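Residue numbers (the working numbering), protein chains in the order written: chain A, 1 to 217; chain B, 1001 to 1062; chain C, 2001 to 2433. Working notes, beginning with the structure itself.
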Amino acid sequence: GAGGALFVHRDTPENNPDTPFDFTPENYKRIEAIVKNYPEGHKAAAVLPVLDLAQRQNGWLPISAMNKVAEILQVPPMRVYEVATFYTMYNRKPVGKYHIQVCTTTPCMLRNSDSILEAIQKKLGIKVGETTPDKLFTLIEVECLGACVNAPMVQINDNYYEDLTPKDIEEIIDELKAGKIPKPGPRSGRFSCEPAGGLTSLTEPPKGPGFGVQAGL
Amino acid sequence: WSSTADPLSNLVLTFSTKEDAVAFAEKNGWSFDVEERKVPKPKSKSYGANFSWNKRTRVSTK
Amino acid sequence: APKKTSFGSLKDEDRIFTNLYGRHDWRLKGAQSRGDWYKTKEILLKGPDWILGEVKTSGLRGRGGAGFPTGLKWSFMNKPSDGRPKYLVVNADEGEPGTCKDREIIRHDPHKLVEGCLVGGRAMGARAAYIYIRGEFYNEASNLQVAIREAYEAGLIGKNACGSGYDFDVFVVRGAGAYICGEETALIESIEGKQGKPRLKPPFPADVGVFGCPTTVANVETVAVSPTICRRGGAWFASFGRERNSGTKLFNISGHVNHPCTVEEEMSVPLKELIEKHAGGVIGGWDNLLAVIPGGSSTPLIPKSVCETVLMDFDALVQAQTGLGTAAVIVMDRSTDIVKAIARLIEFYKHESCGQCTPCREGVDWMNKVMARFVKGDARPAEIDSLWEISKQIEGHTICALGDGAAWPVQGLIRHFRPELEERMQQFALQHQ
Ligand SMILES: NC(=O)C1=CN([C@@H]2O[C@H](COP(=O)(O)OP(=O)(O)OC[C@H]3O[C@@H](n4cnc5c(N)ncnc54)[C@H](O)[C@@H]3O)[C@@H](O)[C@H]2O)C=CC1
Ligand SMILES: Cc1cc2nc3c(=O)[nH]c(=O)nc-3n(C[C@H](O)[C@H](O)[C@H](O)COP(=O)(O)O)c2cc1C
Ligand code: SF4
Ligand code: FES
């Protein structure tokens, strides 16, 4: 339905221009490496990665992080505010340690994505916008993740977990709670985008270097 | 209320050309002040200039 | 004999993406063994004109979804230098629902993409290649960076790139969750550190592109095949598919199929053969089929009456009033709510609009509200035609082609499943009065 998130900023004691934020020296080295890729005089092009880098160090993006990126790149702060509010991967509010994103678009929904969503909700006791009181998990729904063949699928902090049933997602949650990391990929003995049984093509050994090369080359 | 004693305070006349207006004022015996018509100058617009490689015209937002 | 008529059975000796499933090593050592980075120097030394000709002879059409002829499009940067650097941008966004081809190409055959970038940049005279990848594809981007690193170490890119004398760089820039950033101009804007809002054309990227410099935007699949076409020749690539529909194609078969997957197949394969051979058919049998979206959510859906005899190429599906799109087949059986699926697609488009232009920003949200009411049956029949006209107003009046992709599924649903809408309205009125 409606977004729910506000696109204005109101200062809070935990999120104000004086909230402490600064890059680590290693992050400054990474910022220099990011900046070098773009042509000189076009330094702003680094707003998208560097902002992400800030979120990768802090967890979310306080207004002070946006101000720091704007000052480092010498870009007006409103431009960084525009970038932060435009893209949905930027967290302008704190999230849990593990950000569960379940796809509910049509190809993913046709393979019973609602079963996964309800299983997650009954396993965690939270809704599709809330954060668990332990501050470990946050559940939201997202549009197509590009893993439609493997639907139903879930994305957690850069890991795809695909071909899910309620039991698989519940045990992934259990493994994530007990201090372990689960292996990404399909959860049905597939480990690819292959057909679920038979491997209809790509069975013969791949051709060698120069097999089909044309004459005169 | 707003009171006036000026009988011509509301009179506005419309003319095709400045020459007609001047002729009317002259034949009616009124002192006149004429102002030449001001037109906006032709401006060179270019959408692509918003994305200049080295120019100052590049937009910081869109 | 020429002019084949039954396309859709090609063996693995003619598949470009031999590591589509990732069984083989995705690293450079594996790529070279399969047939990658072979005679790159020879291809580079042949010159941009020769490279451009091979693309032209092949008849290669853009695999990103529009199907614009690749050779002609690439030839737009064959102008002499004007003092500005030239760039090639690879579109790896892959935001279309139902589409997962570029993800597999990136994660399992990255060196194919890197070599395609090199050869395409040589053809265009480009200086470096920027690969804009989806932000959610973190592992795919990391595999891509590993591949680029081992190509730099082996001297396959960078300074002189070969025993060639041509300097070329490959950069990977990650997006941050925006489907609109798949559009070429919106992608260019997002690379330059702005909101992903599309530009108006003209100018086209070949005149004013990234950083204001001449640019060419190409789909990942379109670029990857570029070196295989050069090595084997355009004539060979053409020898597949109907006329103006040459080559092979990656298809993502998902939805109500027994074995959803992705597969390389000849271009003009019939839809039924593709679904029943590789995907295992529709759950409940072929007679359980209700509708098929042949090219991702942006294309209108077709009913079982058309699906049984339509070919999977550009012109054939255009004649079926839908379009090939991204070759992302989504199958829905007689057990699904056909209005709900279209409503979910419209909700996706409402959540993905950038908001720049009036017809998209307002009318897609309007269509979302109307469609959500249609799902329940709240509406009246006189609104259905009304909804049709709303889509017509949106289509062709927007800066970007996201408005077209929002208006076409609604038109397809109304064109083929109007009676279901009317009976839903009648039922809601019956139990509500
Ligand atoms: N790969 C994916 O995940 C997605 C794919 N799509 C596909 O994108 C298609 C429509 O996108 P568009 O960019 O609007 O296609 P388009 O019709 O605007 O043209 C496609 C290509 O041809 C170039 N071109 C066209 N006319 C030109 C001219 N006169 N001069 C120079 N260059 C020209 C364009 O610059 C562009 O590179 C849709 O059919 C859709 O299937 C849409 C969303 C996602
Ligand atoms: C809203 C929208 C999203 C798009 N997303 C992608 C995408 O993710 N990947 C892609 O290759 N093309 C995408 N396109 C189409 C691009 O215009 C296309 O890639 C570009 O014209 C070059 O593609 P080509 O190599 O097939 O010619 C999108 C188009 C629109 C309107
Ligand atoms: S059609 Fe939609 S996505 Fe495209 S420019 Fe207009 S508002 Fe943005
Ligand atoms: S619809 Fe779920 S990943 Fe594409």
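Here a beta-carbon is modelled for each residue, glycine too, at the ideal position from N, C-alpha and C.
Distance cut-off 7 Å: residue i Cβ against heavy atoms of ligand 3
{"i": "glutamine 2356 of chain C", "result": "yes"}
{"i": "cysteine 2181 of chain C", "result": "no"}
{"i": "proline 107 of chain A", "result": "no"}
{"i": "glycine 2403 of chain C", "result": "yes"}
heavy atom of ligand 4 below 7 Å from residue i C-beta
{"i": "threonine 2326 of chain C", "result": "no"}
{"i": "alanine 2341 of chain C", "result": "no"}
{"i": "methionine 2367 of chain C", "result": "no"}
{"i": "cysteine 103 of chain A", "result": "yes"}
Cross-strand partners of residue i (DSSP beta bridge)
{"i": "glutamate 2264 of chain C", "result": "C:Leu2250"}
{"i": "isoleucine 2133 of chain C", "result": "C:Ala2092, C:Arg2174"}
{"i": "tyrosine 161 of chain A", "result": "A:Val154, A:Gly185"}
{"i": "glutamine 2426 of chain C", "result": "DSSP lists no partner for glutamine 2426 of chain C."}
{"i": "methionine 2332 of chain C", "result": "C:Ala2291"}
{"i": "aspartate 2169 of chain C", "result": "C:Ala2128"}
{"i": "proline 2270 of chain C", "result": "C:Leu2311"}
Any non-hydrogen atom of ligand 2 within 7 Å of residue i CB
{"i": "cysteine 2400 of chain C", "result": "yes"}
{"i": "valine 2217 of chain C", "result": "yes"}
{"i": "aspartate 2313 of chain C", "result": "no"}
{"i": "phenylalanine 2240 of chain C", "result": "no"}
{"i": "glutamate 2184 of chain C", "result": "yes"}
{"i": "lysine 2073 of chain C", "result": "yes"}
Residue i, buried or exposed, once every other Cβ within 10 Å from all chains shown has been counted against 16
{"i": "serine 113 of chain A", "result": "buried"}
{"i": "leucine 2044 of chain C", "result": "buried"}
{"i": "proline 13 of chain A", "result": "exposed"}
{"i": "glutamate 40 of chain A", "result": "exposed"}
{"i": "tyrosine 28 of chain A", "result": "exposed"}
{"i": "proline 2048 of chain C", "result": "buried"}
{"i": "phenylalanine 2240 of chain C", "result": "buried"}
{"i": "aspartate 174 of chain A", "result": "exposed"}
{"i": "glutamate 26 of chain A", "result": "exposed"}
{"i": "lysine 2272 of chain C", "result": "buried"}
{"i": "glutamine 2195 of chain C", "result": "buried"}
{"i": "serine 2081 of chain C", "result": "exposed"}
{"i": "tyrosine 90 of chain A", "result": "buried"}
Neighbour flag for residue i against chain C, beta carbons, 8 Å
{"i": "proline 186 of chain A", "result": "no"}
{"i": "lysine 1045 of chain B", "result": "no"}
{"i": "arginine 1058 of chain B", "result": "yes"}
{"i": "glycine 212 of chain A", "result": "yes"}
{"i": "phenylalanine 86 of chain A", "result": "yes"}
{"i": "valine 128 of chain A", "result": "no"}
beta-carbon residue i near ligand 1 non-hydrogen atom, thresh 7 Å
{"i": "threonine 2222 of chain C", "result": "no"}
{"i": "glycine 2116 of chain C", "result": "no"}
{"i": "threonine 2099 of chain C", "result": "yes"}
{"i": "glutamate 2094 of chain C", "result": "yes"}
{"i": "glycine 2065 of chain C", "result": "yes"}
9 Å Cβ cut-off: residues of chain F touching residue i
{"i": "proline 2203 of chain C", "result": "As a matter of chain content, chain F is missing from the structure shown, whose protein chains are A, B and C."}
Cβ of residue i within 8 Å of any chain B Cβ
{"i": "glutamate 71 of chain A", "result": "no"}
{"i": "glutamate 175 of chain A", "result": "no"}
{"i": "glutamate 82 of chain A", "result": "yes"}
{"i": "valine 2208 of chain C", "result": "yes"}
{"i": "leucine 2200 of chain C", "result": "yes"}
{"i": "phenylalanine 2374 of chain C", "result": "no"}
Chain A within 8 Å of residue i, Cβ atoms only
{"i": "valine 2263 of chain C", "result": "yes"}
{"i": "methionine 2077 of chain C", "result": "no"}
{"i": "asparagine 2252 of chain C", "result": "yes"}
{"i": "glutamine 2411 of chain C", "result": "no"}
{"i": "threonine 1061 of chain B", "result": "yes"}
Item to check | Chain-ordered residues of the stretch 2166-2198 of chain C with a beta carbon less than 9 Å from chain B | outcome: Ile2188, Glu2189, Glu2192, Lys2194, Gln2195, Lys2197
Checklist entry - If contact means a Cβ-Cβ distance below 8 Å, which residues of the stretch 2136-2162 of chain C contact chain A? => result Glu2136, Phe2137, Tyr2138, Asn2139
Item to check | Within 9 Å of chain B by C-beta, residues of the stretch 2116-2132 of chain C in sequence order | outcome: none
Checklist entry - the stretch 2342-2369 of chain C: which residues have C-beta closer than 7 Å to a C-beta of chain B, in chain order? => result none
Checklist entry - Which of the residues in the stretch 54-78 of chain A, read from start to end, lie with their CB under 9 Å from any CB of chain B? => result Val75, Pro76, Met78
Checklist entry - Using a Cβ cut-off of 9 Å, which residues of the stretch 2044-2064 of chain C contact any Cβ in chain B, in chain order? => result none
Item to check | Contact residues within the stretch 1008-1026 of chain B, judged by C-beta distance below 7 Å to chain A | outcome: none
Item to check | Where the stretch 2080-2114 of chain C meets chain B: residues whose CB sits under 8 Å from a CB there | outcome: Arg2084
Checklist entry - Taking a cut of 7 Å between CB atoms, which residues from the stretch 35-47 of chain A lie near chain C? => result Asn37, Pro39, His42, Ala44, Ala45, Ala46, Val47
Next on the checklist: Give me the subset of the stretch 143-161 of chain A whose CB atoms are less than 7 Å from a CB atom of chain C, sorted by chain position.
Outcome noted: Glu143, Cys144, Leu145, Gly146, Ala147, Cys148, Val149, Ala151, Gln155, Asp158
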